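Taken together, the values in this text are just the output of simple stated rules run on the coordinates, not laboratory data. Here the Cβ is made from the backbone with ideal geometry for all residues, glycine too, and neighbour counts use every protein chain on show.
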Amino acid sequence: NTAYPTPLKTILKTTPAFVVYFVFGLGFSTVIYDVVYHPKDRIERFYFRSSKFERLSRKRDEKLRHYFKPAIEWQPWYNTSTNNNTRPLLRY
Amino acid sequence: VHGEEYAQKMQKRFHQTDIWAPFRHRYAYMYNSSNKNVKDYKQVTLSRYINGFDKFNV
């Protein structure tokens, strides 16, 4: 006879519940990661997690693309008459 | 169109010209006085789920 020790056999009853819990938790975490990882080709660090100099370098190009080109190429008749324009960088 | 002297009077702000105080409607405070989202609200709410919104600064 090569049966299991008695203390081990009792606690083994809860193991399938642990397994299904792990399956569900891994699925949840994987879905969160995949949803985050799709639009940004990497896992982007949080903006507040960088230094002051880093914060300027990460947002410079977006500022130039969204607020510099439309301003340096501005013409009086470019704007929409519906008054629903792009919002300022700082809201006043 | 309203006179050459009028334009320079209207474009003049400071008596002393050795201090730079550019005009600002407001002053930024959050994120060490910086901006985290430099995109429209639609891009703010869609770039977290939809690809093609970030230009991948490399």
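Could we say that B:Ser47 is under 19 Å from A:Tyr67 (Cβ atoms), among the small types (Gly, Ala, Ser) and more than 7 Å from every other protein chain (Cβ to nearest Cβ) here? In short, no. With the structure loaded, tell me whether A:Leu26 is among the aliphatic types (A, V, I, L, M) and surrounded by 11 or more Cβ atoms within 10 Å (Cβ to Cβ) or whether it fails that test. So A:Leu26 does not fit the description; no. Scoring B:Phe23 on the criteria (1) more than 22 Å from A:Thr86 (Cβ to Cβ); (2) more than 9 Å from every other protein chain (Cβ to nearest Cβ) leaves a single failure, condition (1). Which helices (runs of 4 or more DSSP H) does chain B wholly contain that include 3 or more residues that are under 23 Å from the mean Cα position of the chain (by Cα) and on the phi < 0 side of the Ramachandran plot? Passing ranges, in order: B:41-46. Does A:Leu56 satisfy the condition of being over 15 Å from B:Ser47 (Cα atoms), touching a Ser or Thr at 6+ places or on another chain (Cβ under 8 Å) and either free of Cβ contacts under 8 Å to residues at least 24 places away in the same chain or among the β-branched types (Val, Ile, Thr) (or both)? It is true that A:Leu56 is over 15 Å from B:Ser47 (Cα atoms), touching a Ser or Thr at 6+ places or on another chain (Cβ under 8 Å) and either free of Cβ contacts under 8 Å to residues at least 24 places away in the same chain or among the β-branched types (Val, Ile, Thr) (or both). All of (1) facing chain B (nearest Cβ under 7 Å); (2) surrounded by 13 or more Cβ atoms within 10 Å (Cβ to Cβ) hold for A:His38 with one exception: (2). Here segment A:69-92 is the region considered, the condition is being away from every other protein chain (no Cβ under 11 Å) and surrounded by 11 or more Cβ atoms within 10 Å (Cβ to Cβ), and the residue that is farthest from the chain's Cα centre (by Cα) is A:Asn79. Exactly one residue out of B:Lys55, B:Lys42 is within 17 Å of A:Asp41 (Cβ to Cβ), of a type in the set (D, E, K, R), within 12 Å of chain A (Cβ to nearest Cβ) and loosely packed, with under 11 Cβ neighbours inside 10 Å: that is B:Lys55. If you go through segment A:1-18 and keep only what is surrounded by 10 or more Cβ atoms within 10 Å (Cβ to Cβ) and either aliphatic (A, V, I, L, M) or assigned to a loop (DSSP other than H, G, I, E, B) (or both), you end up with just A:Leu12. For segment A:41-58, the set of residues classified as among the charged types (D, E, K, R) and surrounded by 10 or more Cβ atoms within 10 Å (Cβ to Cβ) consists of A:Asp41, A:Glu44, A:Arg45, A:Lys52, A:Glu54, A:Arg55, A:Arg58, listed by residue number.
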